[PDB]
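Working notes for the structure below.
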Amino acid sequence: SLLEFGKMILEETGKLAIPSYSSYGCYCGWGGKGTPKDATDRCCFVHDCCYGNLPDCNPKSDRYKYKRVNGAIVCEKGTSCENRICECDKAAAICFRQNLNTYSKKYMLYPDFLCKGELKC
(Lines of atoms letter the chains of each structure in order from A and count residues from 1; the text may use other names and numbers.)
(Lines give C-alpha, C1' and ligand atoms only; values in the text may rest on other atoms or scores of the structure.)
Protein backbone atom coordinates (compact mmCIF):
# COMPACT_ATOMS: atom_id res chain seq x y z
CA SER A 1 0.00 0.00 0.00
CA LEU A 2 0.91 3.66 -0.23
CA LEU A 3 2.03 3.61 3.46
CA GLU A 4 4.73 0.96 2.78
CA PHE A 5 5.67 2.57 -0.58
CA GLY A 6 6.09 6.10 0.90
CA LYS A 7 8.17 4.77 3.79
CA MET A 8 10.32 2.68 1.33
CA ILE A 9 10.92 5.99 -0.78
CA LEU A 10 11.80 8.05 2.37
CA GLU A 11 14.21 5.39 3.62
CA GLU A 12 15.91 4.98 0.19
CA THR A 13 16.14 8.60 -1.17
CA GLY A 14 15.82 10.95 1.80
CA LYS A 15 12.82 12.63 0.16
CA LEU A 16 9.21 12.39 1.31
CA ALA A 17 6.98 10.54 -1.25
CA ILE A 18 4.51 13.49 -1.24
CA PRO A 19 5.28 16.18 -2.94
CA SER A 20 8.71 14.98 -4.34
CA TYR A 21 7.37 11.97 -6.35
CA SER A 22 3.47 12.39 -6.48
CA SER A 23 3.47 15.25 -8.95
CA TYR A 24 6.81 14.69 -10.82
CA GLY A 25 7.01 14.52 -14.65
CA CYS A 26 4.48 12.69 -16.75
CA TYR A 27 4.16 9.51 -14.70
CA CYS A 28 4.92 10.05 -11.02
CA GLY A 29 1.45 10.79 -9.78
CA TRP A 30 -1.80 9.31 -11.01
CA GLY A 31 -2.04 7.55 -14.32
CA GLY A 32 0.21 8.77 -16.99
CA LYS A 33 0.48 9.63 -20.64
CA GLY A 34 3.23 10.75 -22.99
CA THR A 35 6.98 10.24 -23.00
CA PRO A 36 8.63 10.09 -19.63
CA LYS A 37 10.67 13.32 -18.93
CA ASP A 38 13.78 11.93 -17.26
CA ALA A 39 15.28 8.80 -15.56
CA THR A 40 13.15 9.44 -12.40
CA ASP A 41 9.94 9.71 -14.54
CA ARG A 42 11.01 6.43 -16.30
CA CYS A 43 11.08 4.76 -12.84
CA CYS A 44 7.39 5.86 -12.39
CA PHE A 45 6.40 4.65 -15.87
CA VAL A 46 7.98 1.18 -15.12
CA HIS A 47 6.27 1.25 -11.66
CA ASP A 48 2.87 2.08 -13.35
CA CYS A 49 3.56 -0.88 -15.78
CA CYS A 50 4.47 -3.21 -12.94
CA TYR A 51 1.09 -2.44 -11.16
CA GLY A 52 -0.55 -2.81 -14.60
CA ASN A 53 0.40 -6.57 -14.62
CA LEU A 54 -1.49 -7.05 -11.36
CA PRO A 55 -5.13 -6.40 -12.34
CA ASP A 56 -6.94 -8.42 -9.68
CA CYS A 57 -4.59 -6.96 -7.08
CA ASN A 58 -5.00 -3.64 -5.26
CA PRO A 59 -1.53 -2.02 -4.78
CA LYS A 60 -2.67 1.21 -3.17
CA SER A 61 -4.57 -0.38 -0.26
CA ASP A 62 -3.29 -3.92 0.28
CA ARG A 63 -0.60 -3.88 2.89
CA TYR A 64 2.59 -6.01 2.75
CA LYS A 65 5.58 -6.35 5.02
CA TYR A 66 9.27 -5.93 4.09
CA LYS A 67 12.47 -5.96 6.26
CA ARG A 68 15.98 -4.42 5.82
CA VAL A 69 18.71 -7.07 5.67
CA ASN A 70 21.57 -4.51 6.15
CA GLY A 71 20.11 -1.94 3.73
CA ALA A 72 18.70 -4.49 1.23
CA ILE A 73 14.85 -4.55 0.87
CA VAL A 74 13.54 -8.07 1.46
CA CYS A 75 9.83 -8.61 0.76
CA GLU A 76 8.15 -10.72 3.44
CA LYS A 77 5.90 -13.68 2.60
CA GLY A 78 2.25 -12.77 2.30
CA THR A 79 -0.55 -13.37 -0.15
CA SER A 80 0.46 -13.74 -3.73
CA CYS A 81 -0.73 -10.16 -4.50
CA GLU A 82 1.27 -8.63 -1.61
CA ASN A 83 4.48 -10.37 -2.75
CA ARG A 84 4.08 -8.97 -6.27
CA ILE A 85 3.16 -5.49 -5.12
CA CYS A 86 6.16 -5.42 -2.83
CA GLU A 87 8.56 -6.28 -5.81
CA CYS A 88 7.08 -3.48 -7.96
CA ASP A 89 7.61 -0.89 -5.17
CA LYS A 90 11.12 -2.12 -4.07
CA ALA A 91 12.17 -1.80 -7.75
CA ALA A 92 10.78 1.77 -7.90
CA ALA A 93 12.58 2.83 -4.61
CA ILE A 94 15.88 1.45 -5.95
CA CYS A 95 15.25 3.10 -9.35
CA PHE A 96 14.59 6.49 -7.56
CA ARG A 97 17.84 6.06 -5.50
CA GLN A 98 19.83 5.16 -8.63
CA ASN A 99 18.74 8.39 -10.35
CA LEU A 100 18.87 10.89 -7.37
CA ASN A 101 21.71 12.70 -9.20
CA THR A 102 19.45 13.76 -12.16
CA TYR A 103 16.31 14.47 -10.08
CA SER A 104 15.10 17.93 -11.26
CA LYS A 105 12.65 20.30 -9.42
CA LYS A 106 11.78 21.79 -12.84
CA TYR A 107 9.54 18.60 -13.21
CA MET A 108 7.58 18.93 -9.92
CA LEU A 109 3.91 20.00 -10.57
CA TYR A 110 4.56 19.53 -14.35
CA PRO A 111 1.69 20.66 -16.61
CA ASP A 112 -0.33 17.83 -18.24
CA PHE A 113 -0.32 19.34 -21.84
CA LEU A 114 3.43 18.83 -22.01
CA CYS A 115 3.08 15.06 -21.64
CA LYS A 116 3.11 14.24 -25.43
CA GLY A 117 3.67 10.96 -27.30
CA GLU A 118 3.05 7.26 -26.97
CA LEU A 119 5.01 4.69 -24.88
CA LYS A 120 3.74 1.08 -24.34
CA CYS A 121 4.70 -1.23 -21.28
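First residue of the sequence shown: 19, per my numbering; consecutive thereafter.
Yeah, the Cβ is synthetic: ideal placement off N, Cα and C, and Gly gets one too.
Tell me which residue opens and which closes the beta strand (DSSP E) that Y84 is part of. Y84 to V87
Buried/exposed call for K134, threshold 16 Cβ in 10 Å: exposed
Label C139 either buried or exposed according to how many other C-beta atoms from any shown protein chain fall within 10 Å of its C-beta, with 16 as the threshold for buried. Burial call: exposed.
The stretch 121-133 in contact with the stretch 33-46 per 3-pair CB rule at 8 Å: yes
Of the residues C99, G70 and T53, the one placed nearest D130, counting alpha carbons only: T53
Run the CB neighbour count on residue 5, radius 10 Å, all protein chains shown included, and call it buried at 16 or more, exposed below. Not covered by the structure: residue 5. The range shown for the chain is 19 to 139.
In chain order, each alpha helix (DSSP H) run of at least 4 residues that lies wholly inside the stretch 65-116: 98-116
Proximity to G47 [Cα-Cα], best of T31, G32 and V64: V64
Is the Cβ-Cβ distance between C61 and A110 less than 9 Å? yes
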